[PDB]
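In the form deposited in one PDB entry, a lone chain appears below as structure tokens.
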């Protein structure tokens, strides 16, 4: 079975759980506040910073390299734009770095530094989601918060080097399926993708509690 399929199958249950965290339930209903949106975007800033650091570290490593698409996919620059928008010109000292965010970053560094053959799990979990369900969440955030179509404040959700997310996502899948796979690697990849999803659930659980306080 192709890696792209094995990952979708392995994570379909946990994906249902992630969508039904209280934070994402409220988000999907159009209930997201500026405060709650700033917290989740700042946390994604740290997460994608760490993810992309480890991507760069491993760009030439054949357990990752066929998925090296910085121009198309990488989000750090976009997230920097969004931080300036939501937090102002001194955003680097204003933004929070929550403990659940720290925990996700920690595991990203463990994977990139000691288990790079699992980095595909983390890239899959973030980028493929960003290219599908992320586009729906974009439209909901725009409507909730009166964000302009010109795209300010939502750079994270915009892929100006990808014409068509559906076709790109098919290419990314196809390339995933060229990675050298053994039963060992494949089983651990799908396990790590479940962990990536849990790390996101745990963030959303944390941010909700911070917001409810």
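If you superpose the two forms and keep the largest set of C-alpha atoms that fall within 1.5 Å, you have the rigid core. Residue numbers count along the first chain shown, from 1. Only residues modelled in both forms are compared.
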Query raised in the report: 190-198 versus 21-29: which one carries the higher mean Cα B factor per the record?
Result: 21-29
Report task. Return whichever of 114-122 and 134-142 has the greater mean Cα B factor according to the PDB record. Result -> 134-142
Report summary line: Scanning 49, 43, 58, 164 for peak Cα temperature factor in the entry gives 164
Query raised in the report: If you rank every modelled residue in this chain by C-alpha B factor, which third holds residue 127: lowest, middle or highest?
Result: lowest
Report task. Using the B-factor values recorded in the entry, state whether the Cα atom of residue 84 falls in the lowest, middle or highest third among the modelled residues of its chain. Result -> middle
Report summary line: residue 154: CA temperature factor from the record, placed by chain third, in the lowest
**Report entry** Relative C-alpha B-factor of residue 37, binned into the chain's lowest, middle or highest third
**Finding:** lowest
Requested in this report: Tell me, lowest, middle or highest third: where does the Cα B factor of residue 77 rank within its chain?
Outcome: middle
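Not on display, but discussed next: the form deposited in another entry.
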Report summary line: Across 95, 100, 84, 140, the single C-alpha shifting 2 angstroms or more between the shown form and the other one with the core held fixed is at 140
Query - Rigid core superposition, residue 31 Cα moves 2 angstroms or more between the shown form and the other one - result: yes
Report summary line: With a difference of at least 3 Å, the CA distance of residue 198 and residue 133 in the other form shows the atoms farther
Query - Sense of CA distance change between residue 135 and residue 100 in the other form, threshold 3 Å - result: farther
Requested in this report: Three or more consecutive residues, each Cα shifted by 2 Å or more between the shown form and the other one after core superposition: list those runs for me in sequence order.
Outcome: 20-22, 24-31, 133-144, 146-149
